[PDB]
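Engineer: I have a structure here, written as structure tokens, and I will follow up with some questions on it.
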There are 2 protein chains.
Amino acid sequence: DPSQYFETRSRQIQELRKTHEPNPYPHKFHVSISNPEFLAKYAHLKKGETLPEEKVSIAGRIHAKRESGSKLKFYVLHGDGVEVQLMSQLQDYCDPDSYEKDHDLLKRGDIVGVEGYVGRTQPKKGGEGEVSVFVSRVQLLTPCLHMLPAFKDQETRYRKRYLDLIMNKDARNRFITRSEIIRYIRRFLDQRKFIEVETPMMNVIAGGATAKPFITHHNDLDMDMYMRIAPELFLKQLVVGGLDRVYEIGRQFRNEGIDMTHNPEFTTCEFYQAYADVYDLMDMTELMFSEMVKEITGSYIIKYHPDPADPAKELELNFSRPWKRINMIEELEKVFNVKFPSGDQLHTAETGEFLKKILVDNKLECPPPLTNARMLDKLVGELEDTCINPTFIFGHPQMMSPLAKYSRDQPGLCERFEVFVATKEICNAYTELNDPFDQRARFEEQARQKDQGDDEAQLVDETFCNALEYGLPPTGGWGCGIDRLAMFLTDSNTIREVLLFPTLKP
Amino acid sequence: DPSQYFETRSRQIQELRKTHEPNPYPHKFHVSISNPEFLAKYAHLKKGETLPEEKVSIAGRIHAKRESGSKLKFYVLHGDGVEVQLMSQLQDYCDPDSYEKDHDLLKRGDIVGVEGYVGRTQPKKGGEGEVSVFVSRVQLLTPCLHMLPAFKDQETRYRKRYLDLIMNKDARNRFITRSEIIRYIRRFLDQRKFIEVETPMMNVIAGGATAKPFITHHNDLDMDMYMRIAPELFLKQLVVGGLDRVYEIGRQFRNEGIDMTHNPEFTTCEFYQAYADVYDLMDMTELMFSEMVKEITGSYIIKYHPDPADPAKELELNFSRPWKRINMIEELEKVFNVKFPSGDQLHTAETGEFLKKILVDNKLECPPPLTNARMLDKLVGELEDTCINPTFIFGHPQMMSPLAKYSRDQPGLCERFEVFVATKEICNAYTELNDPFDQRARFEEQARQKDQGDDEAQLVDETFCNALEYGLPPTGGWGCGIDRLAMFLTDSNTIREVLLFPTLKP
Ligand SMILES: NCCCC[C@H](N)C(=O)NS(=O)(=O)OC[C@H]1O[C@@H](n2cnc3c(N)ncnc32)[C@H](O)[C@@H]1O
Ligand SMILES: NCCCC[C@H](N)C(=O)NS(=O)(=O)OC[C@H]1O[C@@H](n2cnc3c(N)ncnc32)[C@H](O)[C@@H]1O
């Protein structure tokens with residue numbers, strides 16, 4: 001029957017394309033007022049009151065149609081996230097000889113334009129009225145050839161996102177919220193005289209993060225190229241150039257598997273501020289995010305539901321300042337009740353045995369290669385799993401942070417922090433390593449990590465090294481995951497529901 | 001000697017990293033006031049007047065250093081696009097025993113922080129004074145290991161953009177202007193209740209334009225994918241979903257050669273508005289662009305210098321409304337003094353012979369394949385080459401516009417326009433083709449164009465065709481080249497000077 005409806009409506013519309021008495025695909029319809037403005041402009045009307053002088057013209061998609069008798073029909077239009085009811089008595093219709101022929105063509109799902117006047121209906125059985133258009137003329141703008149469903153399934157909603165947006169309206173709101181998150185961040189940085197810049201997405205070396213890149217080829221120059229995994233190395237060059245405050249909100253490309261917090265392409269905001277350090281960035285972060293949550297949510301506290309198998313599970317995310325701050329190695333010592341190496345020894349093979357002994361005793365599986373950086377990163381997860389409120393984890397070792405500046409007092413650690421919300425990492429920031437001598441050392445250490453099997457290690461970029469030799473000022477850098485911010489502010493348990501068209505496993 | 005300077009400064013700084021008496025790479029310096037704010041706050045000072053009570057602390061890069069005698073030195077700092085002079089008498093220096101040792105370490109090009117008070121110098125020979133910092137303490141923040149040049153060359157500036165920004169400051173301004181163009185467009189659309197969205201950059205089918213795409217591979221899913229050449233087909237699906245007004249400012253990827261108006265990756269703004277048509281878009285375009293030019297330039301008229309071999313050549317770009325409007329085929333008939341086919345016959349092989357006869361008689365070389373769409377596109381160039389002011393070219397044929405809606409009165413043409421400025425195409429817009437029956441026809445016609453050798457033809461996307469069957473309202477679509485807008489508003493004769501890091505021919 002769905003196939004029968006599609007074939008019947010197709011032949012009907014196809015005939016109208018030849019005959020053009022209704023002209024099923026007209027060019028222009030003049031909308032006098034949007035549906036939301038319509039409902040707000042005339043909400044003051046009392047139940048039963050009408051203004052026949054107030055002529056309007058609106059448009060939208062038919063979501064409901066009912067007809068009682070032959071001289072009365074009702075419609076419900078969806079438009080701009082608002083539902084508007086139409087009432088078409090025959091005494092209100094201009095040209096009553098066209099009344100029945102104009103209506104019989106309209107089916108549920110069609111885009112229609114309608115003219116008429118304003119009034120609030122008076123139900124005999126339910127009361128409270130409804131601001132409606134008292135139809136004088138109705139006109140088909142675009143016919144819907146398919147029968148719309150009466151649709152829970154998840155991964156069909158991702159291939160036909162447009163159908164999801166038609167049927168739910170719940171999806172529509174969270175993508176608007178995602179837009180508002182991005183515009184809040186731009187406002188925050190623009191007001192601080194940041195310059196919005198754009199750096200290449202196709203590079204000969206993909207640096208600035210630890211990830212596997214996408215590869216492509218430019219035919220005209222017979223040149224293989226990597227899709228960028230981060231804009232970091234370019235943005236620091238701009239700061240070397242004199243652009244003291246830059247930021248970029250764009251797409252990243254990382255060749256990794258899909259899960260509830262990972263997409264092969266995703267949006268991240270990175271900003272760089274000269275003459276600031278981590279402690280400036282820590283105050284910037286919790287000022288920006290706490291006040292963003294209150295402005296968008298209405299409260300400093302969010303109720304998040306992480307488990308899709310148990311929607312009753314409720315987490316309470318308190319973004320109130322000050323945020324909890326913890327030192328990584330200090331708390332790792334408390335988690336496992338053991339004194340860790342000094343910190344300048346965290347790269348040694350003796351430390352590697354120490355880390356693996358903790359992993360196998362606690363039955364924590366670390367996928368190979370078992371470099372000290374990866375093994376420790378797995379151990380840090382035991383800290384992340386109790387960070388519900390936004391929590392700073394500070395003091396990453398140097399073997400894990402090839403581009404973060406060494407700590408001014410703690411020997412083997414870096415001035416670096418990550419923020420975790422509901423156990424997920426939402427942003428990464430540190431004091432920019434502006435020391436070309438130490439930078440070379442970190443790049444050599446990464447090269448040795450790749451020698452033991454870590455293909456995602458960050459090897460040296462000599463142009464970036466040249467910029468550090470000309471001089472990068474003391475600056476602070478910062479990067480966040482926009483998609484993950486959208487998850488927690490829209491109460492989405494998966495990243496595939498804050499992405500309009502998520503990467504499809506075909 | 002440049003190598004000798006780099007090796008000498010390296011050994012010197014390397015020693016300071018061990019000794020740490022100066023500590024060549026300190027962590028944090030507290031800037032009391034930015035250099036531009038400094039020059040504006042104290043510009044009221046008269047020549048010779050000082051305020052020893054007003055203590056400041058600023059930072060920047062040394063661009064000039066002079067020393068007269070042993071107790072007086074001058075510096076000139078560059079910061080935030082502003083140049084500030086430092087005066088360091090020994091009577092002003094706190095701890096005079098450190099005065100000479102603190103200064104001798106500083107070389108031209110170093111990032112330094114400086115403290116002192118405010119005053120305007122009084123030159124005995126040149127007058128007019130200069131608001132200066134009367135130094136009490138100077139401190140090295142980042143040493144510059146390389147000798148800066150005394151630098152015209154072009155393509156070395158693209159590989160070391162940071163060096164370009166250090167030496168010129170002329171480059172710095174046009175990238176700020178480019179930022180202001182993007183933010184003007186966002187303001188224009190945001191004020192009209194547009195939603196800023198993001199659509200995939202990695203698709204299984206790259207549609208929405210006529211171009212050759214980049215190909216890549218996702219390992220986890222063993223899946224080949226195309227980098228997007230346009231977001232159009234996704235944005236129309238959002239309008240089918242109920243997002244009546246959407247826009248996206250992001251990167252496009254087209255595998256084509258580099259020239260003065262083409263980069264393999266470039267930024268384009270596309271917006272889609274339901275219930276509007278070309279004539280709405282034409283007024284939107286010349287309202288947005290004319291008022292953007294006046295707000296950013298200060299005038300409705302721009303002086304553009306297109307030829308790099310002849311910088312004296314000056315074009316006058318008048319963005320005043322109304323803009324000139326011309327019909328494509330109507331003016332092509334006047335250009336060649338010949339009546340063109342009816343328009344519904346422009347796809348036929350008889351028309352193909354007609355087009356080639358014009359091309360070979362006028363010695364216009366069209367690279368194969370010689371499809372009617374390509375041959376006509378070459379002929380249209382003869383119109384483009386006299387469009388100095390922003391000019392609409394309206395009425396493209398259907399064989400050239402597979403996604404533009406057919407004209408309501410002109411049989412074989414589409415409601416489509418392109419805007420040309422100084423003979424270059426800056427934007428492309430039309431009435432969205434919301435007719436799935438005719439859309440299939442256009443996709444079949446493109447498939448036949450590919451059969452005759454046009455590998456860039458737009459073949460069918462069946463998911464997008466499904467969305468049109470559910471119903472796309474009558475909408476108008478619009479797309480512009482941000483990089484090309486930046487060229488004309490910054491007086492840049494090549495696209496590689498409005499791109500921070502342009503694609504490098506290695
Ligand atoms: N100089 C200071 C550091 C700047 C940030 C650094 N360049 C960077 O790339 N950070 S990152 O940790 O690699 O990623 C940034 C954030 O993006 C998010 N992210 C990372 N990978 C993904 C994926 N795959 N999908 C979605 N979001 C992701 C996550 O919240 C991260 O904290
Ligand atoms: N539905 C209305 C039409 C929307 C626009 C359509 N999707 C589109 O892609 N237009 S385009 O003509 O293919 O490109 C848009 C603009 O981008 C610019 N452009 C195109 N190719 C390049 C390249 N290679 N570099 C820089 N700028 C470029 C140029 O000004 C074009 O007018």
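Identifiers in this document derive from the order of the structure tokens: chains are assigned A, B, ..., residues are numbered from 1 separately in each chain, and ligands are numbered from 1 in order of occurrence.
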Do me a favour and pick out the residues of chain B within 6 Å of chain A, using only C-alpha atoms, as a ChimeraX atom specification.
Structural biologist: /B:142,144-146,162,165-166,179,196,215-216,220,237-238,240-241,257,469-471,473
Engineer: Apply DSSP to the structure's backbone, then extract all residues of segment 112-245 of chain A labelled strand (DSSP E or B) and return them as a ChimeraX atom specification.
Structural biologist: /A:112-120,131-142,195-196,202-203,215-218,223-227,245
Engineer: Could you give me the residues within 9 Å of ligand 1, counting only C-alpha atoms and all ligand atoms, as JSON, numbers by chain?
Structural biologist: {"A": [207, 208, 209, 210, 211, 229, 230, 231, 232, 233, 236, 252, 253, 254, 255, 256, 257, 258, 259, 260, 261, 262, 263, 264, 265, 266, 267, 268, 269, 270, 271, 272, 403, 404, 416, 418, 419, 420, 424, 425, 426, 427, 428, 429, 430, 431, 432, 433, 476, 477, 478, 479, 480, 481, 482, 483, 484, 485, 495]}
Engineer: Using backbone DSSP assignments, extract all alpha helix (DSSP H) residues from segment 267-434 of chain B; output them as JSON, numbers by chain.
Structural biologist: {"B": [278, 279, 280, 281, 282, 283, 284, 285, 286, 287, 288, 289, 290, 291, 292, 293, 294, 295, 296, 297, 328, 329, 330, 331, 332, 333, 334, 335, 336, 349, 350, 351, 352, 353, 354, 355, 356, 357, 358, 359, 360, 361, 372, 373, 374, 375, 376, 377, 378, 379, 380, 381, 382, 383, 384]}
Engineer: For residue 332 of chain B, find every residue with an atom within 12 Å (counting only C-alpha atoms), except residues of its own chain fewer than 2 positions away, and show them as a VMD selection string.
Structural biologist: chain B and resid 326 to 330 334 to 341 355 358 376 to 384 393 to 396
Engineer: Quick one: of B:388, B:445, B:349, B:273, who's nearest to ligand 2, counting only C-alpha atoms and all ligand atoms?
Structural biologist: B:273
Engineer: Using only C-alpha atoms and all ligand atoms, which of B:55, B:496, B:440, B:152 sits nearest ligand 2?
Structural biologist: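 Of B:55, B:496, B:440, B:152, the one nearest ligand 2 is B:496, counting only C-alpha atoms and all ligand atoms.
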Engineer: For atom CA of residue 54 of chain B and atom CA of residue 118 of chain B, quote the distance in Å rounded to one decimal.
Structural biologist: 6.2 Å
